[PDB]
Amino acid sequence: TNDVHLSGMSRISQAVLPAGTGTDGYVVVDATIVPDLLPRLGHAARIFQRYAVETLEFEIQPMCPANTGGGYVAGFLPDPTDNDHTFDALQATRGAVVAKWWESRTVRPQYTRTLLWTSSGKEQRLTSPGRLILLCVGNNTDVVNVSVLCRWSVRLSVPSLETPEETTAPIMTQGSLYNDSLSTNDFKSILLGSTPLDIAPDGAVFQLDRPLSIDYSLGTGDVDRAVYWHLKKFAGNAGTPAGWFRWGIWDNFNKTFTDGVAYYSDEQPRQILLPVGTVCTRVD
Amino acid sequence: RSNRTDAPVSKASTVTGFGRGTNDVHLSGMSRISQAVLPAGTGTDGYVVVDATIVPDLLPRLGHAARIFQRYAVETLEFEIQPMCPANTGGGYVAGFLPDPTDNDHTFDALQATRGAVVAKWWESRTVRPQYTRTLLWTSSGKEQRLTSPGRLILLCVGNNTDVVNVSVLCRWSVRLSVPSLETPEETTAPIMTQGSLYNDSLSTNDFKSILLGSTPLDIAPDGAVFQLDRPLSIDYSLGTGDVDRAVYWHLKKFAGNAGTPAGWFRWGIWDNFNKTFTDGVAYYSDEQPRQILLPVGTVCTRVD
Amino acid sequence: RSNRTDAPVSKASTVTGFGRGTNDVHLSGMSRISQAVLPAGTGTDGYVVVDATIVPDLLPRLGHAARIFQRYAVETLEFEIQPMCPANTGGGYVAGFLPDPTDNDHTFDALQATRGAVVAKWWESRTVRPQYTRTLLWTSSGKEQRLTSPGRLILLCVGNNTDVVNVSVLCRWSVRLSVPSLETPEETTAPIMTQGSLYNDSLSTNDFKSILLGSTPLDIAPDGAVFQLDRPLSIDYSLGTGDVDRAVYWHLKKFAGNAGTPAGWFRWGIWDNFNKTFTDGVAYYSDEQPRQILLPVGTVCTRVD
Amino acid sequence: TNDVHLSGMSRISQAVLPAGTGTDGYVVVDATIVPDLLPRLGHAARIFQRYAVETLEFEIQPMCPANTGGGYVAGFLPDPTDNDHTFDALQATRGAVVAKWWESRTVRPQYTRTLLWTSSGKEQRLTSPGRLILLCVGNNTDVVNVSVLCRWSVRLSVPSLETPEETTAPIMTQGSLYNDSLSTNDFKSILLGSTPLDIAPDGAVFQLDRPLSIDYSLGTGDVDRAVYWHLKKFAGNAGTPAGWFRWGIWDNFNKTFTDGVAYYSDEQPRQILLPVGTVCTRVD
Amino acid sequence: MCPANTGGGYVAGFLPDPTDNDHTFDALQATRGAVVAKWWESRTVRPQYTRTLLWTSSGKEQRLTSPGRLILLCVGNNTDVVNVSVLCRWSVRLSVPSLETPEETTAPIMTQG
Amino acid sequence: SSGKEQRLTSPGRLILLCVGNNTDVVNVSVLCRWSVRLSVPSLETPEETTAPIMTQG
Amino acid sequence: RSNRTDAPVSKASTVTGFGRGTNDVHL
Ligand SMILES: [Ca+2]
Ligand SMILES: [Ca+2]
Ligand SMILES: [Ca+2]
Ligand SMILES: [Ca+2]
Ligand SMILES: [Ca+2]
Ligand SMILES: [Ca+2]
C-alpha cells in the first residue's frame with residue numbers, strides 16, 4: 052500500500068528564558084504542531100501530501116538547577132485556530148500538566164485521527180492537530196532552558212514533492228499595529244505580540260496577508276498611502292529580543308529583500324495598519 | 031507513624047487532578063430560530079422570510095455551552111414552522127434545510143429539491159425533518175463554514191399573502207459536545223458577508239447606512255456591537271491642503287441608528303481591545319476622488335464585540 | 031387516505047415540543063479560585079491571601095452553565111492549595127472554608143475551628159476537604175448570600191514569609207444543576223460590599239480612589255465594569271451661584287485607573303441600559319459643605335456590566 | 052441509496068501554444084479538476100451536494116506536428132491549492148509522464164477518495180481532487196495544439212439543486228505585479244504570471260482580495276491611491292496573447308465597467324501591488 | 114558527576130553509520146535509543162547495532178570495521194564545570210583466528226581542517 | 170550515505186551511448202521506476218548523499 | 031506514572047556494571 056508508518060522522537064522547540072522575565076501569563080513556547088516543526092517528519096512530509104497522527108506524546112524537559120522557584124503549565128489546544136494564551140485555556144484542555152521548573156512531565160494530549168494535509172492552507176484545521184503552549188506559573192529565579200521533546204507516530208500517504216516554502220506554518224499576529232506606533236524604517240515585533248514571530252530567526256522574510264499601509268511623502272503635506280507587503284526579521288538586540296521589521300519587497304525568484312520609504316511622520320489620525328490576525332508566512 | 035523521610039532540596043509537585051474535565055455532555059432542548067411578521071401584499075413570491083444558518087450561537091442555551099467545548103455533533107435536528115393566522119389567510123410557504131452552509135440561493139426549486147422540504151398554506155403548520163451530517167463540527171468560527179455548521183434553514187413565500195402573517199421557525203436540537211476546552215466568548219459568533227457594495231461616493235461625511243452593505247444582520251445590529259472588516263476600509267478626507275489619505279479602518283460599529291433609516295448607520299473607527307473602546311477617526315471628506323468601491327461584495331463582517 | 035375533515039374557523043395550535051428542556055446536568059471539573067504573589071516580609075501574621083466566596087461565577091465553566099439553570103446543589107467540593115517555593119522558604123499558611131458566606135472574619139482561630147482546615151509550612155501542599163450543605167442553592171444573586179453560596183474560602187499567613195511566595199488555590203467542584211431556565215448573564219454575578227467609607231472631602235473634583243472604599247474587588251476591576259450602588263451617591267457641586275445640588279448617582283464605574291494608585295478610581299454617572307452607555311455628570315465641587323459620609327460601610331456594589 | 056455512479060469521458064481543456072514560446076517550465080495546461088471542466092459532470096453536479104471521485108485517468112493528445120522535438124511533462128497534483136509548476140513536483144507525483152510533442156501518454160494518478168463538496172468554498176481542498184499540470188520542456192518549432200482527455204467515475208450524493216456560478220473555481224497569481232512596470236490604463240497577465248489568467252476569456256472579471264490601489268495624480272507631484280476590487284479582462288494581440296486587465300468598478304448590479312482610471316506612473320516608490328500568492332476569482 | 118544545582122542538559126546517541134560525521138541535536142535524537150537529560154541525571158543508551166561479522170583490522174571503509182559511533186552534545190548552557198564519563202558495556206564474539214600486526218590495527222583519522 | 174567505495178551506496182549506473190552522429194540536437198530524458206525498502210531510522214545532511222566522479226582520460 | 035519523588039541535594043551514583051569482568055578464559 053501507500054500508508055508509510057513513520058514514528059520517532061524529536062524536539063519541536065527549545066527556549067531559553069532569562070531570570071526575572073517569567074511573569075505569570077508569559078508564553079515560553081507557542082508551537083503549532085505541523086510536520087515542519089519535527090525534523091525527521093519534516094524531511095518526510097515533503098515526500099507526501101496527507102498525514103494522520105496516530106500517537107502524539109509531548110514531554111517537557113527543562114534543564115535548570117533543582118533549587119529554583121517557578122512553575123510551567125503545559126497544554127495542547129486541539130484547535131489550531133485557537134490563540135488563547137491564558138492559564139484557563141490550558142487548565143480546561145485534557146492532558147495539561149503543571150510542575151516546578153526542575154521537573155519533567157509528560158503531556159498526553161487529545162488530538163484528531165483524521166487525515167491532515169501536510170501542505171499549508173487557508174483554513175488551518177486541516178493541517179495541524181493543535182498547538183502546544185507552555186506558560187510560566189510564577190517568576191523564575193534564574194535562567195531556565197527548556198526543550199519540548201515530542202514522540203510521534205504518523206501515517207503518511209499520497210506521494211508528492213513539496214517546496215519548503217509550502218510546508219511552513221503560518222502564524223497570525225496577536226497584536227494591532229497602529230500608524231502612530233511605527234518607527235522611521237521598522238517596528239518591533241512586540242507590537243505584533245506573537246511568540247513564534249518574536250523567536251523567529253533573523254532574516255526570515257515573511258509575507259503579510261493584511262496590506263501594510265505606510266504613507267509616503269508627497270513633498271508638501273499631501274498624504275499618499277503606499278502599500279508594502281514583505282517584511283524581514285532584523286536581529287533582536289539583548290534589550291529587545293523582538294528584533295525589527297523593515298517593510299519592503301521580497302523577490303520570489305531573486306530571493307532579495309527591499310527596504311521601503313520612511314514612515315510618514317505627521318498629524319495623521321490614528322489608524323489600524325495591521326490588526327490582530329495579520330498572517331505572516333516564511334517566503335524564504 | 032512514618033518519620034523516616036529526609037528533606038530534599040524540593041518536593042515533587044502534587045497537582046494530580048489537572049486536565050480531567052468531562053468530555054461528553056448530551057445537551058438538548060428546543061428554541062426559536064427566528065420570528066417574522068410579513069405585511070399584507072409584501073409576501074410576493076421569492077421573498078425570503080427566514081434565512082438562518084444553524085450554528086451553535088443561534089441556539090441560546092447551546093450558545094452559552096458551546097463556549098466550554100470545541101467539537102459538537104448534531105444528533106437530532108427537526109425544525110417546526112408555526113404560523114399564526116386565521117384560515118382566511120391566502121398564501122403559501124415553502125420551508126427547507128440546505129445541508130450546505132455556503133449555498134446562498136433563494137428559489138423555490140432549490141428549497142423543494144432538498145430532502146425533507148415542505149410546502150403548505152399559510153394557515154397550516156409543518157415539520158421539516160432534514161438530512162444533516164453527523165460529523166464532529168467545530169464550535170468556534172473558522173475560515174470555512176462547512177466545518178462549523180450542519181446547514182441553513184430557508185423559508186419562502188410561495189404565493190401572495192393576503193394579510194399580515196406572523197411566522198415562528200422553531201427548532202429542536204440534540205447536540206453532543208466533546209473535546210473539552212475554554213473558547214473565548216467572542217470569536218465564537220458566525221462570520222457575515224456584505225451582499226451589497228459600499229462606494230466612496232455612497233458615504234456620508236461621518237456615517238454610512240447599513241442597507242447599502244446589503245446584509246440583513248448588518249441592518250439589524252444592537253448599538254455597541256463592534257464588527258470586524260477582513261478587507262480594509264480606506265476612507266477619504268482632507269488631512270491638510272486637500273491631503274487625501276486613504277485612512278485604513280477595519281473596525282465598524284452601529285452607533286445609534288438614524289430614525290430615517292431603520293437599517294441604521296455604521297461608523298469607521300478604532301476598536302482597541304486593550305481599552306475595549308471605539309475611537310472615531312477623521313470624518314469622510316471626498317475632495318477629489320474618482321468613484322470607486324471600498325467594501326466589495328463578500329467582505330466578511332465578524333463582530334469583535 | 032383521509033379527506034373527511036371539514037375546515038373549521040381555526041385549527042388548534044400544534045406546538046407540542048414546548049417547555050421540555052433537560053433539568054439535570056451533572057457538571058464537574060477543576061479550576062483555580064485565586065492566585066497570589068506574597069512579597070517577602072509582607073506576609074505578617076493575619077494578612078489575608080485569598081478571601082473568595084464560592085459562587086457559580088468564580089468557576090468559569092460553571093459560570094457559563096449556571097446561566098441556563100436556576101438551582102444548583104454542590105455534591106463534591108475539595109480545595110487543593112498549591113504553593114510554589116523552595117524548601118528554604120520560611121513561614122506557614124492556614125486554609126479553611128467557612129460554611130457561612132456572610133461570616134467576614136479573618137483570624138487564625140476562626141479558620142482553624144472549622145472542620146477540614148489545614149495548617150502547613152509554605153513549602154508543603156494541602157487538601158481542604160470541608161463541610162458544605164447539599165441544599166438546592168440559587169444560582170442567581172439575591173438579597174441573602176446564604177441561599178446562593180455554599181461558603182467561602184480563606185487563606186492566611188501564619189508566620190512571616192522569608193521570600194516571595196506564589197500560591198494557587200485550586201478547587202474541585204461537582205455541581206448538579208436543576209430547574210431549567212434562562213437567567214440573564216448580568217445580575218448573575220455576586221454582590222460586593224464597601225468595607226471602607228467614602229467621604230465628601232475624600233472626593234476629588236472628578237474621580238475617587240477605590241482603596242478608600244476598602245473592597246478588594248472594587249480595587250481590581252477591569253475598565254468598563256460598571257457597578258451599581260444600592261445607596262445613593264449625593265455628589266456636591268456648584269450648579270449656579272454656589273448651588274450645592276445633591277446630585278444622586280447610583281452608577282459607578284472604573285475608568286482607566288491612575289498609574290499613581292493601582293487600586294484605581296471610579297467616576298459617578300448614568301449607566302443607561304437602553305443605550306448601555308456611561309454619561310458623566312457635573313464634576314464634584316465642594317463649595318460649602320460640612321464633612322459627611324456619602325457611601326457608608328456595607329454599601330452593596332453589584333456590577334450592572 | 053441516493054448514490055448515483057456516473058462515469059464518462061470528457062476533454063478537460065484545449066490549449067494552443069504559439070511557435071517558440073515553450074520556455075523553460077512553461078505551463079501549457081493548468082486545469083483544476085472542478086465539476087465544470089467535465090460537461091456531463093458539470094450538468095450532473097448541479098443536482099447534488101457531495102461528490103466523491105472513484106476513478107480518474109487523464110490522457111494527453113498532443114496534436115503538435117511530429118517535426119517539432121519539444122518535450123512535455125504531465126502530472127496531477129493532488130492538492131488543489133498547490134501552486135507548484137516545476138518539473139520535479141510533477142515527476143514526483145504518481146503517474147506523471149514525460150515525452151515529446153509527437154508522442155501521446157496517459158496519466159493514472161493517486162486521487163483522494165473522500166466526500167468533496169460540489170459547490171465553491173473558501174478553500175478548494177474540499178471541492179476538487181487536484182489539478183492537471185502540463186509543462187512544455189523545450190521550445191516548439193510549430194504551434195502545439197493540446198487536448199487532455201479525462202475518464203472520471205464520480206459517486207454523487209445528498210440530492211439538491213444549485214446555481215451555475217456556485218461551481219466555479221478561483222485562480223492564484225504566480226507573479227508579483229510591480230508599480231514601476233505597469234501600463235497606464237491596463238496590464239497584461241504576464242505580470243500576474245498565472246496560466247488561467249493567461250488564457251482568461253474576454254469578458255471575465257476577477258476580484259483581487261488585495262487592495263488594488265491605482266495611484267491617480269492629485270497634482271503638483273502629489274498622488275492618491277484609489278482602492279478597487281475588480282479586474283475586467285480584454286483580449287490582447289498576436290504579439291502578446293496574454294491579453295489585458297483593466298481596473299475600475301465592475302458593478303455587477305449594473306454590469307457596467309468603469310474603465311481603468313489614469314495611473315500617474317512618474318515617481319511611485321517601488322512596491323508590489325499584488326505579491327506572490329494574490330488570488331483572483333471570476334465574479335461571473 | 115555534578116550537583117543538582119548544575120543547569121544544563123546533554124543529548125546522547127549512537128549513530129549506526131561510522132562515516133556519518135554530523136553533530137546536531139536532530140541527528141542524534143532521530144537515532145533509536147538516544148536520550149536527553151539534565152546534566153545531573155544519568156542515562157543508558159541502548160542503541161541499534163548490526164550483528165554482521167565486522168573486521169578487526171583497519172581497511173579503506175570504516176563501515177566494515179565498526180558498528181557505529183557515539184556522540185554526546187550539550188543541549189543547554191552548563192552553569193558550572195561538568196565532569197562526564199561515557200562508559201560502555203561490550204560483549205563481542207571474536208572469530209577467524211589469525212595474528213594481526215599490532216600496528217595497522219588502529220583506526221584511520223581524517224584532517225577536518 | 171556516501172563512503173569510500175560506491176559499491177555499498179549505489180546499485181549501479183545507467184549508461185546511454187550514441188551509436189552514430191546526430192543530424193539534430195538530441196534531447197534525452199530517462200525515466201526511473203524504483204521501489205526501495207528503507208530501514209534503520211536516522212537523519213542526515215544533504216551533502217552526505219553525493220556521488221564521486223572518475224576521469225576517463 | 032510516578033512523580034512523587036522529591037529532589038534531594040544529590041542523587042546516589044548508579045554505576046552498577048563496574049568491576050564485573052570475566053575471570054576465566056581457557057585460552
Ligand atoms: Ca500539497
Ligand atoms: Ca476554537
Ligand atoms: Ca434567577
Ligand atoms: Ca452546494
Ligand atoms: Ca587484517
Ligand atoms: Ca548515513
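Top line first, the protein sequences correspond to chains Y, S, W, P, D, V and Z.
Here the authors' numbering is used: the first residue of the first sequence is 52, the next is one more, and so on.
Here the authors' numbering is used: the first residue of the second sequence is 31, the next is one more, and so on.
Here the authors' numbering is used: the first residue of the third sequence is 31, the next is one more, and so on.
Here the authors' numbering is used: the first residue of the fourth sequence is 52, the next is one more, and so on.
Here the authors' numbering is used: the first residue of the fifth sequence is 114, the next is one more, and so on.
Here the authors' numbering is used: the first residue of the sixth sequence is 170, the next is one more, and so on.
Here the authors' numbering is used: the first residue of the seventh sequence is 31, the next is one more, and so on.
Note that CB positions come from ideal geometry on N, CA and C, so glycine has one too.
query                                                                                                                                                                         : result
From the DSSP output, read off the bridge partner residues of residue 366 of chain P.                                                                                         : The structure shown has nothing for residue 366 of chain P, since chain P only spans 52 to 335.
V/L200 CB to nearest chain Y CB: under 9 Å?                                                                                                                                   : no
Chain P beta carbons: is any one of them nearer than 9 Å to that of V/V205?                                                                                                   : no
Please confirm whether any heavy atom of ligand 6 lies closer than 8 Å to the CB of D/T163.                                                                                   : no
Per DSSP, W/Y279 is paired with what?                                                                                                                                         : W/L263
Starting from the beta carbon of S/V278, find every residue of chain Y whose beta carbon is closer than 9 Å, and list them in chain order.                                    : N230, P262, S264, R276, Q322, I323 and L324
Less than 9 Å between CB atoms is the rule here; does V/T219 satisfy it with respect to chain D?                                                                              : no
Which chain V residues are close to D/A140, counting only those with a beta carbon under 9 Å from its beta carbon?                                                            : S211, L212, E213 and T214
Enumerated in chain order, which unbroken segments of the beta strand (DSSP E) with a length of 3 residues or greater are wholly contained in the stretch 107-148 of chain Y? : 122-128
Could you name the residues of the stretch 180-194 of chain Y whose beta carbon sits closer than 9 Å to any beta carbon of chain D, in the order they occur along the chain?  : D193 and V194
Kindly list, in the order they appear in chain C, the residues whose Cβ is closer than 8 Å to that of W/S32.                                                                  : No chain C appears in this structure, whose protein chains are Y, S, W, P, D, V and Z.
List the residues of chain P whose Cβ lies closer than 8 Å to the Cβ of S/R176, in chain order.                                                                               : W168, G172 and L177
Can you list every residue whose CB sits closer than 7 Å to some heavy atom of ligand 6, going in chain order?                                                                : D/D130, D/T132, D/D133, V/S170, V/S211, V/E213 and V/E217
At the 9 Å Cβ level, is Z/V39 part of the contact set with chain D, yes or no?                                                                                                : yes
For Y/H56, does the three-state DSSP call read helix, strand or coil?                                                                                                         : strand
In the structure shown, what three-state DSSP assignment does P/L166 receive?                                                                                                 : coil
Let me confirm a value: P/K306 is counted as buried when at least 16 other C-beta atoms fall within 10 Å, else exposed. Which label applies?                                  : exposed
Hey, how far is the Cα of residue 336 of chain W from the Cα of W/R62?                                                                                                        : Outside the shown range of chain W, which is 31 to 335, sits residue 336 of chain W, and nothing can be said about it.
So does S/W152 have its beta carbon nearer than 8 Å to some heavy atom of ligand 2?                                                                                           : no
Can you list, in chain order, the residues of its chain with a C-beta nearer than 6 Å to that of Y/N53? Leave out the 5 residues immediately preceding and following it.      : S208
Report the partner residues of Y/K284 according to the DSSP bridge assignment.                                                                                                : Y/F296
Can you pull the DSSP bridge partners for W/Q258?                                                                                                                             : W/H281 and W/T332
Can you confirm whether W/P90, when its beta carbon is compared against all beta carbons of chain Y, has any partner nearer than 9 Å?                                         : yes
Please list the partners that residue 14 of chain S has in chain W, where partner means a Cβ-to-Cβ separation under 9 Å.                                                      : The question about residue 14 of chain S has no answer here: the residues shown for chain S are numbered 31 through 335.
Apart from the five residues on each side of it in sequence, which residues of its chain come closer than 7 Å, Cβ to Cβ, to D/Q175?                                           : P131 and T132
Opposite P/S204 in the DSSP bridges: which residues?                                                                                                                          : P/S58
Using three-state DSSP, classify P/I98 as helix, strand or coil.                                                                                                              : helix
With respect to 8 Å, is the separation between the Cβ of D/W168 and the closest non-hydrogen atom of ligand 5 below this value?                                               : yes
Quick check on Y/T144: buried or exposed, where buried means 16 or more other Cβ atoms within 10 Å of its Cβ?                                                                 : buried
May I ask which residues mark the beginning and end of the beta strand (DSSP E) holding Y/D249?                                                                               : Counting along the chain, Y/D249 falls outside any beta strand (DSSP E), though it belongs to the alpha helix (DSSP H) covering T246 to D249.
Look at the Cβ atom of S/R91, then the Cβ atom of W/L212, and state whether they are nearer than 9 Å.                                                                         : yes
Go ahead and label D/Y162 buried or exposed: buried means 16 or more other beta carbons lie within 10 angstroms of its beta carbon, across all protein chains shown.          : exposed
Cα separation between W/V256 and W/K283?                                                                                                                                      : 4 Å
Kindly identify the DSSP beta-bridge partner or partners of P/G270.                                                                                                           : P/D273
According to the Cβ coordinates, are P/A103 and P/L177 closer than 9 Å?                                                                                                       : no
Out of curiosity, what's the CA-to-CA distance linking P/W280 and S/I222?                                                                                                     : 19 Å
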